[PDB]
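Trainee: this one is an experimental structure. Sequence first:
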Amino acid sequence: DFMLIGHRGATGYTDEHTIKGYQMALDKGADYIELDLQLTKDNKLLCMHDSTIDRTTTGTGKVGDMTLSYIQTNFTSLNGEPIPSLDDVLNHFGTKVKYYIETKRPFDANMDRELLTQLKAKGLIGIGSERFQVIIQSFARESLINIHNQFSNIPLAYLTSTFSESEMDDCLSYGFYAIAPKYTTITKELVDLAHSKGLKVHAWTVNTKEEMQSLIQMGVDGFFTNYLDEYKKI
Ligand SMILES: O=P(O)(O)OC[C@H](O)CO
Ligand SMILES: [Ca+2]
């Protein structure tokens, strides 16, 4: 009844968005590994939070300006792990793990298409797939609506830095499964209102046991954390 999400893998303990980090998240008790995706010049999907590789890799530049091959052959994560593609992660873990996958902005129909192509190739969506094995999240309503039009049974989470009744109503209108608000905007009254509308609430990004306890008392259905070991201390 509660979803513990490893934010970019196990970010508090190791490099974000590495297969080593995704594995560490699973080892530390995450229900879901969380991927952020950026579109390469050749319309492949890179596990990368920022539009640019400058902060987290040995390289620089916009992901959209380089081919997947150029990025993976020339650069590594800060501490030397490979920079994984969506394909690399799905090939590594297959149907053994649950994925919480963000389409980063700007909205791009090519990103949505490539995401659905890679998931379908592993049987993670469409016929015979387990509901909740993949949740897709975005700040871009356009990405979630486009995906919902193509694969109506994938649970979708709308990412927001606010938590208003108008946003909950939009989630209902477009058939989204969850609203995913910044955790400091959440109150028990707002969670109860979301629940009354048939929405789940997935809070991000909570990093202390005290703040985890507060969110659980408010009745959130899940949260994203950098520090999975803190959940075992609640
Ligand atoms: O860390 P960000 O910037 O992707 O913020 C959203 C949370 O990670 C939940 O996807
Ligand atoms: Ca994210």
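Mentor: The structure has been received and is ready for your questions. Residues are numbered from 1 along each chain as shown. Ligands and ions are numbered 1, 2, ... in the order given.

Trainee: if you skip the residues just before and after it, what's nearest to the closest residue to ligand 1 within the chain?
Mentor: Among the residues of the chain, residue 204 lies closest to ligand 1, at 3.9 Å counting by Cβ to the nearest ligand atom. Yep, even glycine has a C-beta here, placed from its N, CA and C like the rest. The shortest distance from residue 204 to any residue other than its chain neighbours is 3.9 Å, reached at residue 224 (Cβ to Cβ, 6 or more residues apart in numbering).

Trainee: chain center to the helix or strand where that neighbour lies, what's the gap?
Mentor: Assigned by DSSP states H and E, residue 224 falls within strand 222-225. Centroid separation for strand 222-225 versus its chain: 10 Å, with Cα atoms, centre = their mean, to the nearest Å.

Trainee: does any part of that strand sit near ligand 1?
Mentor: Yes. Using Cβ under 6 Å from any ligand atom, strand 222-225 comes into contact with ligand 1 via residue 224.

Trainee: direction included, what does that strand pair up with?
Mentor: Sheet partners assigned to strand 222-225 using DSSP bridges are listed as strand 3-6 (parallel), strand 200-203 (parallel).

Trainee: kindly list the longest helix within this structure.
Mentor: Longest helix of the chain, by residue count under DSSP state H: helix 109-121.

Trainee: quick one, the helix or strand just after that one and helix 109-121 angle?
Mentor: Proceeding N to C from helix 109-121, the next assigned helix or strand is strand 134-138, under DSSP H and E. Angle, strand 134-138 to helix 109-121, by axes from the mean of the first three to the mean of the last three Cα atoms, to 10 degrees: 170 degrees.

Trainee: longest strand of the chain?
Mentor: strand 32-39 (DSSP state E).

Trainee: and that strand, what does it pack against?
Mentor: strand 3-6, helix 19-27, strand 45-47, helix 86-93, strand 98-103, helix 109-121 (3 or more Cβ pairs under 8 Å, 6 or more residues apart in numbering; DSSP states H and E).

Trainee: so is it next to ligand 1?
Mentor: Yes. With Cβ under 6 Å from any ligand atom as the measure, strand 32-39 is seen reaching ligand 1 through residue 36.

Trainee: centre of the chain to that strand, how far?
Mentor: Computed by Cα atoms, centre = their mean, the chain-centroid distance of strand 32-39 equals 5 Å.

Trainee: ok, it: who's next to it in the sheet?
Mentor: Each strand paired with strand 32-39, and its direction, by DSSP bridges: strand 3-6 (parallel), strand 45-47 (antiparallel), strand 98-103 (parallel).

Trainee: quick one, what contacts whatever residue of the chain ends up closest to ligand 2?
Mentor: When distances are taken as Cβ to the ion, the chain reaches nearest to ligand 2 at residue 102, 4.3 Å away. For residue 102, the contact set (Cβ atoms under 8 Å, 6 or more residues apart in numbering) comprises 34, 35, 36, 37, 136, 137, 138, 159.

Trainee: try it again at 6 Å.
Mentor: 36, 137 (Cβ atoms under 6 Å, 6 or more residues apart in numbering).

Trainee: likewise residue 163?
Mentor: Contacts of residue 163 by Cβ under 6 Å, 6+ apart are 181, 185, 186, 190.
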